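K.L.:
Provided herewith is a single structure, encoded as structure tokens, for subsequent inquiry.
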């Protein structure tokens, strides 16, 4: 009757709060994982830019003989 | 051109307000300022190349 | 997206760096430096309008940002509109069909400050997606841009030496600890006002020209000569003695004490050592040579973990009768500066005082050239949550 | 979720952590005290506190706000603290956003008076429309993903021991201890006094020394032994004899060095004297004869469980011993987990101990902040008791 409804409400207020706090813990892990992964991708972009531009510096150094003629 | 029609032509839709809100379960006795979704019925141009570092 | 359609705005308390579009070959210096100011015209019935010039001597000059803080968000948003409409007019006058290719979808990257209010950032989030109608927006932290222009180290400290203030922000695990963000009201004007006390006979323009002189360095050839002659703004030659080697010491001691009191509160030692090993010094005053090396030397004088010499000499006198090293467990064992990127041709010539703006162009190549829409608010996200979607795309 | 944004302020014993509900990192972590500069000036903050303590001007008096019972007592200074927070750190009006604050675990009697003071502080002074009061060990146990747990919070004002069953707090087994971080800040200053050439109104220099280098001494130099201190001398030598017999040393002879910055001096302390500070939290009879060993945390671990069993007792015992959560800002010293595990296992050999604890160094100090952060973002208003203005309008009537 009323006691079954009250115990069902207590069990739901326990379980739903535990489930949403576990979902927010999963969000707290996922945000730090996204920050780490995109920070490492941004770090790899600097290596890509160095490999793109140091070759250009070497080509402009190799064209110095043609500039000296 | 006109500064309104330049923004209208460029970059191509709902609105949001910062208003009091009273939640429901029925109605709670409190209100709080939050960003609510708006309903349907709810100048000069500076010339460039002047501050250019040359 | 289209790399010619990228707009980046870096506002400060004095000026604002503006650039629309990338060069697509190398990263270059920004050509537009607009002074951060607005003109409020007092219209009758209580309406407010904002202009670019003084409208018939009826407008008041309002600076929206002072000491890194916004005092008028309605002035700051209309100043962003005053920049954006002028860029639209320039593109429409130069290209005459840019509204389908270069202006059809502009991803805006606005660089924000740490002392700006979250309510003000949500007003900006409202304003960009309602009034400016801009489809994509990143509110980028400047402190994180200062280390994203670097080799992207995980743990560091950012020292932003401004004109009237100096900001100290630690960065741990690619995250900004807001509880240790500090700001002293001592900047380049401290270096000026110290020269007011050292040489009272000079005035504001001569002391500013001494601060902007190439012979103004701090020891940590100019040094062997006692008197050297620099030039004034009007073209007058002025001699100066040893005072050009002074004037920065109070600011360097204040920045060192505040960085020490900031970074000695970090409890984790393995995450705290990499912050002391990666000191990054940014700002407009930091184009003065020797300032960063003098600040590094003051940090090695004050907060370096080293055995004291008055005990090490007694240890050596007891040993002269191999010397073991006293091993401490306190975290600032190594204090070094971060490696500056020495591969940018335009930024090597124009200096690295505006490296936060380069960090914006690098994170724009990260985000705006990829279809991942988890770090910028789209129209679909703005129609669902709006400003509440602002803190779901943050770092 | 709900379209809302809340403000979470955790009033700790030594560190007050204020921030918002939309973020996971706090906006500010200030100390829980103030400086009365003498006109009167209530200095608050984080760095201004340290600067005003380092200037060492006359009249600067550092006054505490949270006693050993966890309850505030200087309400005008707490009002000035929150007016400093919402203007300089939070930068938002308190009328616009809701609030979630915490409550320390009591026995039931001082709850209504602090409820009335929170009503008078949030309604007639800040005009907050609604605020939630959560229980701090319940918040710590519930943010970890548990409904029934056994919370051990090693704080500055003492140790907080709280048995929790099925979401409710067993109040009559809640015994608040005294020996904590404020005790260690006195013991370090008392023991190192002939080595640094030194040895309320004059509490400013004491708090400055406890906040600059004694905290670094706790975070770097100190280590906690997992066993009783004489049993270390019984056990480590017994292991070293087996190692020496298998192959063909005293672990306490390892000299650890502290760099004292106001004099720049190397302080050499061995591992036995490093463990001597950690043994004070569990054996209080080593400094005087008026402190019984029941006053320590060691027998209190069994005493609180035996008092919570009489809220049939063995089911409560097996429910509390398998959900022990170790937390606290001063519990970050290495060995606080293992010492509690061993000291609880030597009095309960039958039941296995499965202790879960947040190993994050930054998040264990703000664990009481995160416990209210998980409560502030709940998608239903009926999941927590949101005290509104009507709850005080009905308290005005008798």
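All of the numbers you see were taken from the coordinates with simple rules; none came from a lab. Here the Cβ positions follow ideal geometry from the backbone for every residue, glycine too, while neighbour counts run over all protein chains shown.
K.L.:
Which of (1) surrounded by 13 or more Cβ atoms within 10 Å (Cβ to Cβ); (2) out of contact with any helix residue (DSSP H, G or I) (no Cβ under 9 Å at 6 or more places or on another chain); (3) closer than 27 Å to residue A:34 by Cβ is the odd one out, the single condition residue C:270 does not satisfy?
P.N.:
Unmet for residue C:270, out of (1) surrounded by 13 or more Cβ atoms within 10 Å (Cβ to Cβ); (2) out of contact with any helix residue (DSSP H, G or I) (no Cβ under 9 Å at 6 or more places or on another chain); (3) closer than 27 Å to residue A:34 by Cβ: (1).
K.L.:
Taking residue A:40, is it more than 23 Å from residue C:26 (Cα to Cα) and out of contact with any helix residue (DSSP H, G or I) (no Cβ under 9 Å at 6 or more places or on another chain)?
P.N.:
Spelling it out, it is not the case that residue A:40 is more than 23 Å from residue C:26 (Cα to Cα) and out of contact with any helix residue (DSSP H, G or I) (no Cβ under 9 Å at 6 or more places or on another chain).
K.L.:
For residue C:53, indicate whether it is outside any strand (DSSP E or B), surrounded by fewer than 16 Cβ atoms within 10 Å (Cβ to Cβ) and within 12 Å of another protein chain (Cβ to nearest Cβ).
P.N.:
So residue C:53 passes the test.
K.L.:
Evaluate region D:51-61: report whether one residue or more is farther than 16 Å from residue D:207 by Cα and touching a helix residue (DSSP H, G or I) at 6+ places or on another chain (Cβ under 8 Å).
P.N.:
No.
K.L.:
Here's a check for you: in region C:185-221, which residue that is surrounded by fewer than 18 Cβ atoms within 10 Å (Cβ to Cβ) and within 18 Å of the chain's Cα centre (by Cα) is farthest from residue C:278 (Cα to Cα)?
P.N.:
The selected residue is C:189.
K.L.:
For residue A:7, state whether it is surrounded by 10 or more Cβ atoms within 10 Å (Cβ to Cβ), in a helix (DSSP H, G or I) and within 14 Å of chain C (Cβ to nearest Cβ). Spell out the reasoning first.
P.N.:
On the way: surrounded by 10 or more Cβ atoms within 10 Å (Cβ to Cβ): yes; in a helix (DSSP H, G or I): yes; within 14 Å of chain C (Cβ to nearest Cβ): no.
No.
K.L.:
Of the residues D:178, D:146, which single one is surrounded by fewer than 19 Cβ atoms within 10 Å (Cβ to Cβ), closer than 19 Å to residue D:102 by Cα and in contact with a strand residue (DSSP E or B) (Cβ under 9 Å, 6 or more places away or on another chain)? Give the steps one after another, and end with the answer.
P.N.:
On the way: D:178 fails: closer than 19 Å to residue D:102 by Cα.
That would be D:146, the only listed residue that is surrounded by fewer than 19 Cβ atoms within 10 Å (Cβ to Cβ), closer than 19 Å to residue D:102 by Cα and in contact with a strand residue (DSSP E or B) (Cβ under 9 Å, 6 or more places away or on another chain).
K.L.:
Scan region D:53-78 for residues that are within 14 Å of chain C (Cβ to nearest Cβ) and surrounded by fewer than 20 Cβ atoms within 10 Å (Cβ to Cβ) and jot them down.
P.N.:
D:54, D:55, listed by residue number.
K.L.:
Within the group D:132, D:81, which residue is within 14 Å of chain B (Cβ to nearest Cβ) and in contact with a strand residue (DSSP E or B) (Cβ under 8 Å, 6 or more places away or on another chain)?
P.N.:
Numbers: D:81 fails: within 14 Å of chain B (Cβ to nearest Cβ).
Going through D:132, D:81 in turn, just one is within 14 Å of chain B (Cβ to nearest Cβ) and in contact with a strand residue (DSSP E or B) (Cβ under 8 Å, 6 or more places away or on another chain): D:132.
K.L.:
Residue B:45 fails exactly one of the following numbered conditions: (1) closer than 30 Å to residue D:379 by Cβ; (2) at the interface with another protein chain (Cβ under 7 Å from one of its Cβ atoms). What is the number of that condition?
P.N.:
(1)
K.L.:
Right, next: Checking the conditions here, which among C:256, C:321, C:313 is surrounded by 15 or more Cβ atoms within 10 Å (Cβ to Cβ) and more than 10 Å from chain D (Cβ to nearest Cβ)? Outline the logic, then answer.
P.N.:
Numbers: C:321 fails: surrounded by 15 or more Cβ atoms within 10 Å (Cβ to Cβ); C:313 fails: surrounded by 15 or more Cβ atoms within 10 Å (Cβ to Cβ).
Criteria check complete, one pass: C:256.
K.L.:
Looking only at region B:16-42, which residues are part of a loop (DSSP other than H, G, I, E, B) and either within 11 Å of chain D (Cβ to nearest Cβ) or surrounded by 13 or more Cβ atoms within 10 Å (Cβ to Cβ) (or both)?
P.N.:
Within region B:16-42, B:22, B:23, B:25, B:28, B:29, B:30, B:31, B:38 meet the criteria.
K.L.:
Sticking with this structure for a sec: Which of (1) facing another protein chain (nearest Cβ under 8 Å); (2) within 25 Å of residue C:358 (Cα to Cα); (3) surrounded by fewer than 16 Cβ atoms within 10 Å (Cβ to Cβ) is the odd one out, the single condition residue C:101 does not satisfy?
P.N.:
Looking at each condition in turn, residue C:101 falls short on (1).
K.L.:
Which ones in region D:182-217 are in contact with a strand residue (DSSP E or B) (Cβ under 8 Å, 6 or more places away or on another chain) and more than 17 Å from residue D:55 (Cβ to Cβ)?
P.N.:
D:192, D:195, D:196, D:200, D:213, D:217, listed by residue number.
K.L.:
Same structure again: Take residue D:359 and decide whether it is surrounded by fewer than 19 Cβ atoms within 10 Å (Cβ to Cβ) and part of a loop (DSSP other than H, G, I, E, B).
P.N.:
yes
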